Amino acid sequence: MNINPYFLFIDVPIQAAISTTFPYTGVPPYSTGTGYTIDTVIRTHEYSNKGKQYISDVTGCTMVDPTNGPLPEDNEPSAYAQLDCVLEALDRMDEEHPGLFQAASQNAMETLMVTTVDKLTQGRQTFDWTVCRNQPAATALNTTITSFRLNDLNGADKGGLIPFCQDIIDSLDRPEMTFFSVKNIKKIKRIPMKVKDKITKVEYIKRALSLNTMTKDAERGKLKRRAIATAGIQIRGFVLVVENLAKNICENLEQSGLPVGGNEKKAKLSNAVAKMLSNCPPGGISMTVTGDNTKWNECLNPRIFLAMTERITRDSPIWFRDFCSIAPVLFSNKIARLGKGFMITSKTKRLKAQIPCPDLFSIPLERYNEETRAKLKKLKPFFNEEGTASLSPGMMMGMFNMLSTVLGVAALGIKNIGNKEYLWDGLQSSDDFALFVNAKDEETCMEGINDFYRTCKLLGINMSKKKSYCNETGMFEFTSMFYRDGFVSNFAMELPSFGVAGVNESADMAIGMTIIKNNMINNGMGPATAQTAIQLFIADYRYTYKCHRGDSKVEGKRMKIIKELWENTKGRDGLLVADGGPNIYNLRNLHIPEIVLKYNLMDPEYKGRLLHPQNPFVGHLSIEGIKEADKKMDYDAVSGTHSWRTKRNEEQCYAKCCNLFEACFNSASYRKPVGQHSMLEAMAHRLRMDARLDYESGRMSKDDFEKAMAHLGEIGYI
Amino acid sequence: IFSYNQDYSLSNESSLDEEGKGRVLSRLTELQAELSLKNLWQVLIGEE
Amino acid sequence: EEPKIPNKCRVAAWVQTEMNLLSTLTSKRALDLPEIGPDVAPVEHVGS
Amino acid sequence: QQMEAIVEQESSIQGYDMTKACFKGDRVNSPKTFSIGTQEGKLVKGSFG
Amino acid sequence: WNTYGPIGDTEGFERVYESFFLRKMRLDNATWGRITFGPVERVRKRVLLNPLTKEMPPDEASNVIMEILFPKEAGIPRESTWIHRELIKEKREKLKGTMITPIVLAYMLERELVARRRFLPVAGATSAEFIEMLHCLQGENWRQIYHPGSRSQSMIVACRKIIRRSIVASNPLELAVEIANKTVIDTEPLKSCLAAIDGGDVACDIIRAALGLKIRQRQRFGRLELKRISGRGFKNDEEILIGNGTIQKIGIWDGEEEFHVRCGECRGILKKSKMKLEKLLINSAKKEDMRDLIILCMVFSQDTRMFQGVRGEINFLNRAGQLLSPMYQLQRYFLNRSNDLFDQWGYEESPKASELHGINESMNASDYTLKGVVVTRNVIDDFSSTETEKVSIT
Amino acid sequence: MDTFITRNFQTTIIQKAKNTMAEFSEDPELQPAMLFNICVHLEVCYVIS
Amino acid sequence: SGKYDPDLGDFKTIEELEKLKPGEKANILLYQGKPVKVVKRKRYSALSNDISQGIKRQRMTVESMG
């Protein structure tokens with residue numbers, strides 16, 4: 001007999017056993033990204049090559065404009081979006097909703113006038129032009145703030161995001177641009193120093209418009225690799241504001257799957273399918289198109305997004321309309337950086353060398369491989385001398401998720417073309433759409449599907465005819481969630497979440513148990529599965545921190561001490577799993593931290609030692625993560641010896657200033673301080689008061705008081 | 001006339017007692033502090 | 001260097017035999033799991 | 001997980017718990033058998049385990 | 001250190017981590033029961049994950065925390081410490097005598113006060129005590145019996161009384177807000193439980209609007225909670241003859257529209273055109289709730305059949321003695337006499353299908369249903385995007 | 001800003017400020033700072049009286 | 001009431017603040033610093049009551065004129 005796992009589907013529906021199909025247990029694919037970036041640029045320009053090709057006179061880089069371009073005559077992807085059709089869809093959406101555009105725009109403006117510059121510190125890695133690399137958002141923002149100070153640019157000290165965006169827009173006009181660059185001076189040692197460097201206006205414009213690239217290695221279910229783009233800090237404010245506006249608009253739209261996540265999305269899915277089933281005529285058919293859009297960002301022109309921003313803010317202050325239209329302008333004239341370049345080697349001499357991108361065309365193309373040969377022969381027209389590709393048309397993945405979703409919902413909501421005897425409506429979310437078409441027969445259902453496909457092709461949207469299919473309503477999939485006959489199996493993909501959280505013992509344990517309980521609540525993880533997950537997690541947790549049961553004969557550094565503690569203390573049911581104690585957690589008490597769980601079972605000496613008011617292993621500065629576990633997940637833990645932190649792997653200026661302010665005003669670490677005065681004088685007054693109180697209480701000597709007073713005296717606030 | 005920085009100008013100093021001026025100033029200071037916490041203070045622009 | 005594409009192979013026979021053999025009982029057991037707390041609710045009894 | 005779901009589905013049908021019935025069977029329900037393999041073009045069943 | 005070393009103080013944990021030990025107490029003293037392996041119907045609801053000592057908005061929570069554990073930096077106490085004075089003094093006394101770092105206590109107090117709410121699939125009780133154990137209680141194809149180890153009715157009554165008192169007078173808003181902020185429930189003004197729960201009865205929503213608070217923007221018509229899905233209805237005045245023979249000039253909605261409709265425990269989807277109800281989908285929740293939903297949606301839809309089904313008279317008032325608009329007069333008439341428009345509405349064949357099944361005029365799950373009404377044996381989850389949009393008060 | 005006005009001011013003072021703005025044909029929504037100033041003026045006047 | 005007013009010298013704590021009789025002037029720190037001058041209260045206040053009474057007087061005046 002020859003076994004066959006697929007035969008399981010003979011006796012079980014695929015959706016029921018869908019979890020086993022996905023290989024979400026092996027090693028996810030991982031990676032030069034220059035080839036992929038060049039290919040992406042090539043495809044983006046190829047789809048829009050028939051547009052209007054001109055040369056930007058502000059930067060000198062070639063630009064291709066597909067908007068209002070020739071209507072496609074083939075199924076191939078098309079970025080030729082007609083502006084009038086986009087405005088028609090927007091107008092239909094506006095008519096179908098009561099002043100939604102006005103409310104969303106006003107709320108976006110109000111929350112923008114309240115936003116601070118420091119909000120730009122959130123997010124992921126960002127392109128830094130002072131070094132032309134990818135740096136953490138906080139560091140990039142700090143460096144750009146520092147550089148702006150030299151060229152007479154200010155507004156960061158002014159607080160709100162409005163002055164920062166205003167002086168960012170101003171910076172594009174300064175005849176020069178001075179900043180600090182890293183200089184790895186040789187002395188042999190390579191020591192980094194700060195060198196005051198300057199660049200011209202064109203170079204600065206190119207740097208600001210440049211989009212850095214990286215390989216999307218983390219992907220799990222795709223063989224071919226995609227490139228993710230990181231933008232600079234000079235686009236983050238505008239992109240953030242437009243994204244917030246689009247989120248405000250799309251949240252009300254019942255057709256939008258974002259930004260709601262979790263059981264809310266399932267609720268929306270089931271409610272929508274039930275609605276469409278209810279709305280079907282008598283004996284008619286409601287067909288569901290399971291769609292998976294491709295080239296969702298290589299066909300969306302930023303000019304269409306500029307038009308959408310202008311139409312959305314039809315009635316708003318001129319200043320806000322201008323401000324929110326900057327992001328589409330910056331994206332419509334963007335430039336793409338190109339990885340690290342190809343590598344050429346000779347095997348007859350065992351020699352290899354990576355060729356930096358600026359030197360791509362310094363070599364005869366007859367030496368690159370034929371594929372890269374064609375890639376470069378096609379990329380030559382748009383190649384910048386500095387080593388960047390002029391990429392005007394299209395968008396990089398991840399920038400305008402909300403705005404693209406709003407455009408998709410606009411396409412969905414037309415609901416009819418030519419008053420044909422059918423209707424359509426659906427769910428759209430960031431490159432994944434599920435459509436429903438109701439008619440009186442299958443033929444009319446596909447007439448409607450074809451009409452919707454054509455309408456999508458009029459906005460740059462090109463549904464994938466290879467990754468999509470159609471069937472009867474009541475069975476489909478949306479964003480990897482499967483619906484069949486009312487049964488929505490949360491596809492079990494949260495399996496790679498049972499490892500230790502890697503923050504500390506107690507916190508890792510709390511996070512793991514909360515993860516188990518949340519999975520039980522949401523994904524339908526059965527009680528036996530939850531018990532086995534507890535078992536496996538406890539095994540991994542004991543192994544990773546070298547703390548097994550004290551009785552067990554395992555050897556280790558901390559294990560000897562655990563063994564000692566095992567008999568040095570009588571009460572053996574109160575020890576923690578980090579102290580070789582017996583596991584006590586079960587399904588009924590996953591919501592209780594174990595320290596409180598075992599509080600009764602502990603011994604007075606043990607609880608006194610572990611729960612000491614002061615612990616050298618516990619520090620105030622270590623409390624930052626006690627609320628949210630990095631997605632920010634809330635976990636409940638208990639102060640104790642096991643609440644420690646791991647070793648670390650104008651910087652010092654800001655860091656130590658903030659640290660000292662926190663140490664002076666202990667309330668600052670919890671809630672935002674309030675005051676319209678310099679930090680120095682606040683600290684001086686507080687320290688003077690504290691010194692006087694310490695002396696009056698006898699905690700400080702008289703010589704100590706005099707010294708303190710002198711210092712505080714010198715400072716100038718006594 | 002009362003200002004947000006805990007100072008005032010009165011044509012006659014006997015028109016209002018200590019409690020009234022203290023209470024109005026406390027309300028103004030609370031409003032200022034709440035605005036600063038919400039960052040509306042800088043955005044706020046006076047009667048001119 | 002020209003890209004090295006994977007070879008285009010055929011159906012082997014060892015994969016099927018290993019699939020069969022790894023899916024059979026053996027007198028030897030290695031997989032062991034840590035204990036958990038006592039089960040007091042009926043639901044956790046069913047789970048156990 | 002999947003097997004859990006399977007068992008739960010069975011439990012949905014008739015009220016009592018079947019984890020002993022699906023695995024080994026009982027006096028009222030036969031042991032659960034899937035289709036596992038084949039031989040000479042003849043598909044073969046297989047126990048729950 | 002866990003083995004030897006300095007021995008600390010055990011007192012602080014008795015009260016500092018009060019919420020955790022209360023969780024353990026509720027678990028230990030809970031009583032378990034049987035397990036029902038049959039399928040469980042679950043509805044997606046906005047539920048509070050954990051019980052709260054006194055629910056308050058985040059800003060008030062932060063101010064209270066600072067007033068508790070940060071004696072310094074307490075300039076100009078706002079109109080929030082007097083409301084929570086009892087909580088302030090209780091927590092202050094309890095936490096005194098400790099040595100834990102202040103940030104830990106601040107975060108624990110934030111957990112104990114600031115509310116945490118989420119969308120969850122629930123079936124049965126919904127109090128935070130049951131939500132804590134929802135992972136064990138519920139189940140897609142299994143359910144367990146669990147019993148864990150008031151002010152609402154009083155606030156409903158107080159808000160209704162305030163509404164009735166203020167309406168009869170002129171300029172009701174100022175009088176209503178005066179009474180609302182001058183009222184108290186045994187330790188605190190009415191802005192201590194109104195601000196706690198999300199939404200509530202229509203009277204509470206109106207009072208919250210009169211006061212300063214956020215109210216869910218669902219449209220309340222009688223008892224119906226309506227959420228528009230699509231379409232725009234033009235409210236145009238029209239002269240329509242009522243079934244009683246009289247002619248009334250009232251506003252009618254031209255154009256098609258659809259609303260998610262809720263009433264008590266009944267949820268559904270309603271699709272209506274001008275002067276006609278088109279479709280209604282419901283789930284079987286409760287006979288009383290289903291009848292209320294059907295009748296109220298009937299009156300709201302302004303179906304010509306509903307007008308032609310009137311048989312008595314419409315001259316009613318309220319407890320304050322005022323003449324209402326014809327819509328609410330019809331609402332009261334039909335609710336008082338439910339078997340008025342039901343008889344002459346007309347019947348429709350049962351929804352022949354796998355699950356769709358009909359319901360008769362008596363609310364029993366009997367076939368030969370009402371024209372348009374349909375009961376699906378599925379779960380309808382509605383009322384998304386609770387934006388709490390800006391709402392004015394006249 | 002309007003959210004702050006709603007939170008920190010009673011509905012009565014907001015209504016009076018809105019009426020005053022309407023008398024001057026000034027939109028409260030387009031000038032939230034002016035509405036806040038008028039509300040503060042009314043509140044301080046009432047507090048004085 | 002008032003600004004720093006250094007006439008009192010250094011600041012005083014809450015415990016020493018209570019020692020002052022009603023109506024005195026004290027130099028205190030508000031929030032994170034912000035020196036100010038304060039006066040001990042002789043009563044307990046209710047802003048809502050004041051606003052309600054003001055509205056009542058205003059509408060009484062409106063009705064009387066009407």
# chains A, B, ... in the order shown; residues from 1 in each chain; ligands from 1
call {"tool": "select_by_dssp", "arguments": {"residues": "range 147-375 of chain E", "states": "strand (DSSP E or B)", "output": "short mmCIF file (atom, residue, chain, number, x, y, z; two decimals) with N, CA, C and O atoms, in the first residue's frame"}}
result
data_model
loop_
_atom_site.label_atom_id
_atom_site.label_comp_id
_atom_site.auth_asym_id
_atom_site.auth_seq_id
_atom_site.Cartn_x
_atom_site.Cartn_y
_atom_site.Cartn_z
N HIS E 147 -20.68 30.01 36.19
CA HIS E 147 -21.20 31.10 37.02
C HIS E 147 -20.05 31.72 37.80
O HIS E 147 -19.55 31.09 38.75
N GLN E 219 -29.10 55.78 14.52
CA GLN E 219 -30.37 56.50 14.44
C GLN E 219 -31.43 55.78 15.26
O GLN E 219 -31.79 54.64 14.94
N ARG E 220 -31.94 56.42 16.30
CA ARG E 220 -32.96 55.82 17.14
C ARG E 220 -34.34 56.29 16.69
O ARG E 220 -34.63 57.49 16.71
N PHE E 221 -35.17 55.34 16.27
CA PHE E 221 -36.57 55.59 15.93
C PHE E 221 -37.43 54.69 16.80
O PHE E 221 -37.50 53.48 16.56
N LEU E 224 -36.01 51.19 17.54
CA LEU E 224 -35.10 50.71 16.50
C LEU E 224 -33.81 51.51 16.50
O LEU E 224 -33.82 52.75 16.56
N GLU E 225 -32.69 50.80 16.40
CA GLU E 225 -31.39 51.39 16.09
C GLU E 225 -31.10 51.11 14.63
O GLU E 225 -31.00 49.95 14.22
N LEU E 226 -30.98 52.17 13.84
CA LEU E 226 -30.82 52.10 12.40
C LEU E 226 -29.44 52.61 12.02
O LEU E 226 -29.00 53.65 12.52
N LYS E 227 -28.76 51.88 11.13
CA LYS E 227 -27.49 52.31 10.57
C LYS E 227 -27.61 52.26 9.05
O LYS E 227 -27.78 51.18 8.48
N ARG E 228 -27.52 53.42 8.41
CA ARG E 228 -27.60 53.47 6.96
C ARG E 228 -26.45 52.70 6.33
O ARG E 228 -25.32 52.73 6.82
N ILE E 229 -26.74 52.01 5.23
CA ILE E 229 -25.74 51.28 4.47
C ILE E 229 -25.43 51.98 3.15
O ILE E 229 -24.27 52.09 2.76
N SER E 230 -26.46 52.45 2.46
CA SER E 230 -26.28 53.09 1.16
C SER E 230 -27.54 53.88 0.84
O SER E 230 -28.49 53.92 1.63
N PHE E 234 -34.60 61.43 -0.03
CA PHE E 234 -35.03 62.83 -0.08
C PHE E 234 -36.30 62.96 0.74
O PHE E 234 -37.33 62.38 0.40
N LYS E 235 -36.23 63.73 1.83
CA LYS E 235 -37.39 63.93 2.70
C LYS E 235 -38.24 65.05 2.11
O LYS E 235 -37.90 66.23 2.23
N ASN E 236 -39.34 64.68 1.47
CA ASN E 236 -40.24 65.63 0.83
C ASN E 236 -41.62 65.52 1.46
O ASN E 236 -42.09 64.42 1.76
N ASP E 237 -42.27 66.66 1.67
CA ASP E 237 -43.59 66.66 2.27
C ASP E 237 -44.63 66.18 1.26
O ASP E 237 -44.57 66.52 0.07
N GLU E 238 -45.59 65.39 1.73
CA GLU E 238 -46.61 64.82 0.88
C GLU E 238 -47.89 64.65 1.68
O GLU E 238 -47.86 64.49 2.91
N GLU E 239 -49.02 64.67 0.97
CA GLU E 239 -50.34 64.54 1.56
C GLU E 239 -50.84 63.12 1.28
O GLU E 239 -51.07 62.76 0.12
N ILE E 240 -51.02 62.33 2.33
CA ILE E 240 -51.38 60.92 2.21
C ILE E 240 -52.64 60.66 3.03
O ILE E 240 -52.75 61.13 4.17
N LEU E 241 -53.58 59.92 2.45
CA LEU E 241 -54.78 59.52 3.17
C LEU E 241 -54.48 58.31 4.05
O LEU E 241 -53.87 57.33 3.59
N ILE E 247 -56.66 62.57 6.19
CA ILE E 247 -55.55 62.91 5.30
C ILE E 247 -54.53 63.70 6.10
O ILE E 247 -54.86 64.71 6.73
N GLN E 248 -53.28 63.24 6.07
CA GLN E 248 -52.19 63.83 6.84
C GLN E 248 -51.08 64.29 5.91
O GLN E 248 -50.75 63.61 4.93
N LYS E 249 -50.50 65.44 6.22
CA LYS E 249 -49.38 66.00 5.48
C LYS E 249 -48.11 65.73 6.27
O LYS E 249 -47.89 66.33 7.33
N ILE E 250 -47.27 64.81 5.77
CA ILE E 250 -46.09 64.36 6.48
C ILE E 250 -44.94 64.19 5.50
O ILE E 250 -45.13 64.18 4.28
N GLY E 251 -43.73 64.04 6.04
CA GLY E 251 -42.55 63.87 5.22
C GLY E 251 -42.33 62.42 4.85
O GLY E 251 -42.37 61.53 5.72
N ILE E 252 -42.10 62.17 3.57
CA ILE E 252 -41.84 60.84 3.04
C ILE E 252 -40.47 60.84 2.38
O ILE E 252 -40.01 61.87 1.86
N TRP E 253 -39.82 59.69 2.40
CA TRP E 253 -38.46 59.53 1.87
C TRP E 253 -38.55 58.98 0.45
O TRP E 253 -38.82 57.79 0.25
N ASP E 254 -38.34 59.85 -0.53
CA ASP E 254 -38.18 59.40 -1.90
C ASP E 254 -36.81 58.76 -2.08
O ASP E 254 -35.81 59.24 -1.53
N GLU E 257 -33.28 52.90 -0.03
CA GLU E 257 -32.33 52.95 1.07
C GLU E 257 -32.28 51.59 1.76
O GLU E 257 -33.17 50.75 1.59
N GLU E 258 -31.21 51.38 2.53
CA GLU E 258 -31.02 50.15 3.29
C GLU E 258 -30.41 50.49 4.63
O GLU E 258 -29.53 51.35 4.73
N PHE E 259 -30.87 49.81 5.68
CA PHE E 259 -30.39 50.04 7.03
C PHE E 259 -30.21 48.73 7.77
O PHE E 259 -31.07 47.84 7.69
N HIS E 260 -29.10 48.61 8.47
CA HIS E 260 -29.00 47.62 9.53
C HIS E 260 -29.91 48.04 10.67
O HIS E 260 -29.88 49.20 11.10
N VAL E 261 -30.73 47.11 11.16
CA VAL E 261 -31.76 47.40 12.15
C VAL E 261 -31.52 46.52 13.36
O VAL E 261 -31.27 45.31 13.22
N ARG E 262 -31.57 47.11 14.55
CA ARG E 262 -31.43 46.38 15.80
C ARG E 262 -32.53 46.79 16.76
O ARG E 262 -32.97 47.94 16.77
N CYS E 263 -32.96 45.84 17.58
CA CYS E 263 -33.97 46.11 18.59
C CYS E 263 -33.84 45.04 19.67
O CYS E 263 -34.14 43.87 19.42
N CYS E 266 -32.71 41.44 18.73
CA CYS E 266 -33.00 41.12 17.34
C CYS E 266 -32.16 42.00 16.43
O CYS E 266 -32.11 43.23 16.61
N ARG E 267 -31.50 41.38 15.46
CA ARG E 267 -30.73 42.07 14.43
C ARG E 267 -31.31 41.73 13.07
O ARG E 267 -31.91 40.67 12.88
N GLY E 268 -31.13 42.64 12.11
CA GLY E 268 -31.61 42.36 10.77
C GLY E 268 -31.15 43.42 9.79
O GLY E 268 -30.53 44.42 10.15
N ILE E 269 -31.48 43.17 8.53
CA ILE E 269 -31.19 44.07 7.43
C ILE E 269 -32.51 44.43 6.77
O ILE E 269 -33.30 43.54 6.42
N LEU E 270 -32.75 45.73 6.59
CA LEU E 270 -33.98 46.23 5.98
C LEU E 270 -33.63 47.00 4.72
O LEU E 270 -32.71 47.82 4.72
N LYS E 271 -34.34 46.71 3.63
CA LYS E 271 -34.20 47.44 2.38
C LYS E 271 -35.57 47.97 2.00
O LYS E 271 -36.51 47.18 1.84
N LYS E 272 -35.69 49.29 1.85
CA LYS E 272 -36.97 49.93 1.63
C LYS E 272 -36.87 50.93 0.48
O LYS E 272 -35.84 51.59 0.30
N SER E 273 -37.95 51.02 -0.28
CA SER E 273 -38.13 52.05 -1.28
C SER E 273 -39.20 53.03 -0.80
O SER E 273 -39.84 52.82 0.23
N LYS E 276 -42.86 52.06 0.45
CA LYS E 276 -42.90 50.61 0.37
C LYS E 276 -41.70 49.96 1.05
O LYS E 276 -40.56 50.41 0.89
N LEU E 277 -41.95 48.90 1.82
CA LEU E 277 -40.88 48.05 2.32
C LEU E 277 -40.60 46.95 1.30
O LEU E 277 -41.52 46.34 0.76
N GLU E 278 -39.31 46.70 1.06
CA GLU E 278 -38.89 45.77 0.02
C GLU E 278 -38.41 44.44 0.57
O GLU E 278 -38.86 43.38 0.12
N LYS E 279 -37.50 44.46 1.54
CA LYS E 279 -36.92 43.22 2.06
C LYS E 279 -36.54 43.40 3.52
O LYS E 279 -36.17 44.50 3.95
N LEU E 280 -36.63 42.31 4.27
CA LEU E 280 -36.23 42.31 5.68
C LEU E 280 -35.70 40.93 6.03
O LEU E 280 -36.41 39.94 5.85
N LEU E 281 -34.46 40.88 6.51
CA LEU E 281 -33.82 39.63 6.93
C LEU E 281 -33.52 39.71 8.42
O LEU E 281 -32.96 40.71 8.89
N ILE E 282 -33.90 38.67 9.16
CA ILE E 282 -33.78 38.65 10.61
C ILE E 282 -33.24 37.30 11.06
O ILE E 282 -33.22 36.32 10.30
N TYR E 347 -49.78 37.93 3.05
CA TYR E 347 -48.85 36.84 3.29
C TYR E 347 -48.10 36.50 2.02
O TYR E 347 -48.55 36.77 0.90
N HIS E 357 -36.14 30.47 6.37
CA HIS E 357 -37.44 29.95 6.77
C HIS E 357 -38.30 31.09 7.29
O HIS E 357 -37.78 32.08 7.82
N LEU E 370 -44.88 36.62 6.48
CA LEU E 370 -45.35 37.93 6.06
C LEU E 370 -44.68 38.33 4.75
O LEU E 370 -43.58 37.88 4.43
N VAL E 373 -40.85 39.68 4.94
CA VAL E 373 -40.09 39.24 6.10
C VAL E 373 -39.46 37.89 5.82
O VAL E 373 -40.07 37.01 5.20
N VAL E 374 -38.22 37.72 6.27
CA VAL E 374 -37.51 36.45 6.12
C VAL E 374 -36.64 36.25 7.35
O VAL E 374 -36.04 37.20 7.86
N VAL E 375 -36.56 35.01 7.82
CA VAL E 375 -35.73 34.64 8.96
C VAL E 375 -34.69 33.64 8.48
O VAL E 375 -35.04 32.53 8.06
#
call {"tool": "closest_atom_pairs", "arguments": {"of": "chain G", "to": "range 4-28 of chain F", "cutoff": "9 Å", "atoms": "only C-alpha atoms", "output": "tab-separated table"}}
result
residue	atom	partner	partner_atom	distance
G:48	CA	F:10	CA	8.3
G:51	CA	F:13	CA	8.4
G:52	CA	F:12	CA	8.8
G:55	CA	F:12	CA	8.1
call {"tool": "write_last_selection", "arguments": {"atoms": "N, CA and C atoms", "output": "mmCIF file, in the first residue's frame"}}
result
data_model
loop_
_atom_site.group_PDB
_atom_site.id
_atom_site.type_symbol
_atom_site.label_atom_id
_atom_site.label_comp_id
_atom_site.auth_asym_id
_atom_site.auth_seq_id
_atom_site.Cartn_x
_atom_site.Cartn_y
_atom_site.Cartn_z
ATOM 1 N N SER G 48 -20.289 74.226 37.786
ATOM 2 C CA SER G 48 -21.566 73.903 37.160
ATOM 3 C C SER G 48 -22.707 74.676 37.810
ATOM 4 N N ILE G 51 -22.548 78.320 36.596
ATOM 5 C CA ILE G 51 -23.013 78.469 35.221
ATOM 6 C C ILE G 51 -24.529 78.333 35.156
ATOM 7 N N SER G 52 -25.083 77.353 35.873
ATOM 8 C CA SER G 52 -26.529 77.156 35.857
ATOM 9 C C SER G 52 -27.256 78.369 36.421
ATOM 10 N N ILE G 55 -27.171 81.188 33.884
ATOM 11 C CA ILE G 55 -28.149 80.974 32.820
ATOM 12 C C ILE G 55 -29.554 81.273 33.326
#
call {"tool": "residues_around", "arguments": {"residues": "residue 1 in chain F", "least_positions_apart": "6", "cutoff": "8 Å", "atoms": "only C-alpha atoms", "output": "number ranges by chain"}}
result
A: 110; B: 40; F: 32-33
call {"tool": "atom_distance", "arguments": {"atom1": "CA of residue 169 in chain E", "atom2": "CA of residue 53 in chain G"}}
result
17.1 Å
call {"tool": "interface_residues", "arguments": {"of": "chain B", "to": "chain G", "cutoff": "9 Å", "atoms": "only C-alpha atoms", "output": "PyMOL selection string"}}
result
chain B and resi 5-8+18-19+21-23+25-26+33
call {"tool": "select_by_dssp", "arguments": {"residues": "chain B", "states": "alpha helix (DSSP H)", "output": "ChimeraX atom specification"}}
result
/B:18-37,40-43
call {"tool": "atom_distance", "arguments": {"atom1": "CA of residue 405 in chain A", "atom2": "CA of residue 307 in chain A"}}
result
15.3 Å
call {"tool": "interface_residues", "arguments": {"of": "chain A", "to": "chain F", "cutoff": "10 Å", "atoms": "only C-alpha atoms", "output": "ChimeraX atom specification"}}
result
/A:106,110-111,113-114,316-317
call {"tool": "write_last_selection", "arguments": {"atoms": "C-alpha atoms", "output": "PDB file, in the first residue's frame"}}
result
ATOM      1  CA  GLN A 106     -12.427  68.311   8.103  1.00  0.00           C
ATOM      2  CA  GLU A 110      -8.381  68.965  12.714  1.00  0.00           C
ATOM      3  CA  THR A 111      -6.248  65.979  13.713  1.00  0.00           C
ATOM      4  CA  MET A 113      -3.449  70.735  13.315  1.00  0.00           C
ATOM      5  CA  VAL A 114      -3.024  68.736  16.548  1.00  0.00           C
ATOM      6  CA  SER A 316     -11.969  72.981   2.403  1.00  0.00           C
ATOM      7  CA  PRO A 317      -9.469  75.754   3.168  1.00  0.00           C
TER       8      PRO A 317
END
call {"tool": "interface_residues", "arguments": {"of": "chain A", "to": "chain C", "cutoff": "8 Å", "atoms": "only C-alpha atoms", "output": "list in words"}}
result
residues 2, 3, 344, 345, 369, 526, 527, 528, 531, 534, 535, 536, 538, 539, 582, 583, 584, 585, 586, 587 and 588 of chain A
